[PDB]
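Okay, here we've got a single chain as structure tokens, the form solved without the DNA, with questions on binding and movement later.
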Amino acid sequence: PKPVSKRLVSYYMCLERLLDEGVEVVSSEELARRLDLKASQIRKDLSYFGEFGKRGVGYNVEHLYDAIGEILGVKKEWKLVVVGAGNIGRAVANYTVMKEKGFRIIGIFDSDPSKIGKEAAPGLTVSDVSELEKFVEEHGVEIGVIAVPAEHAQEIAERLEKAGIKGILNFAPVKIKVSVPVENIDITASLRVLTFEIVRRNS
């Protein structure tokens, strides 16, 4: 389901962060503190990799990071479009890290004539939203990013579904209802998680 995918990505991000610190062996307790999770749950998940995932008395950071990365398919590239050339849409098209990880934005769209024709990023010009459905099907786009206001999120999501999209990354504060998977971005949820750790420490 959704939680096991989030944990697997959590493990991957944490192990990558552990490798940058020079750590080669990590314990389930240390992973518990970094991911805010039970240690027994971590040992239950990582037993999938057997002895290959172990080193010393803890876990082989390098082996787990490599195996999970192959499970997550980090080598594959993905074609993305962004609907909405506002503040969020411009930030996504200018996000240097996304292009490095294989998430290629080949098109960005908007409904405002003042933004159409201009450049959202180097090599990417804003296209009319009326051409979004043909653009998705012509380039075989897999992922669409919804960066339009709330009241147009569901409509854009449905046109992506009709055009053959495979998944949606949604910024708009609406519950998108489609038959493709959806990942919602909610910085308010990240803020709430931050407030919990603030009151625990500051008290």
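From 1 onward, residues are counted along the sequence shown. The term rigid core refers to the maximal set of C-alpha atoms that superpose within 1.5 Å between the two forms.
Although it is not shown, the form deposited with the DNA bound is what the next lines describe.
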item: Position in contact with the DNA when the complex is considered in the bound PDB entry, options 175, 162, 38, 139, heavy atoms within 4.5 Å; value: 38
item: Partner-contacting position among 55, 166, 34, 63 - heavy atom within 4.5 Å of the DNA in the bound PDB entry; value: 55
item: The DNA contact at residue 70 in the bound PDB entry, heavy atom, 4.5 Å; value: no
item: Touches the DNA in the bound PDB entry: residue 26 (any heavy atom, 4.5 Å); value: yes
item: Any non-hydrogen atom of residue 6 within 4.5 angstroms of the DNA in the bound PDB entry; value: no
item: is_contact(residue 2, the DNA) in the bound PDB entry, heavy atom dist at most 4.5 Å; value: yes
item: 47, 51 and 59 each touching the DNA in the bound PDB entry (heavy atom, 4.5 Å); value: yes
item: Contact segment among 130 to 138, 151 to 159, 166 to 174, 38 to 46, judged by heavy atoms lying within 4.5 Å of the DNA in the bound PDB entry; value: 38 to 46
item: Only residue that shifts (Cα, 2 Å or more, rigid core superposed) between this form and the one not shown, among 152, 166, 54, 159; value: 54
item: Residue shift check between this form and the one not shown, rigid core fit, residue 124 Cα at least 2 Å; value: no
item: Threshold 2 Å Cα movement between this form and the one not shown at residue 31, rigid core reference; value: yes
item: Residue shift check between this form and the one not shown, rigid core fit, residue 66 Cα at least 2 Å; value: yes
item: Cα-Cα trend for residue 169 and residue 96, given that in the bound PDB entry the distance shifts by 3 Å or more; value: closer
item: Change in CA distance between residue 108 and residue 96 in the bound PDB entry, which is 3 Å or more, as closer or farther; value: closer
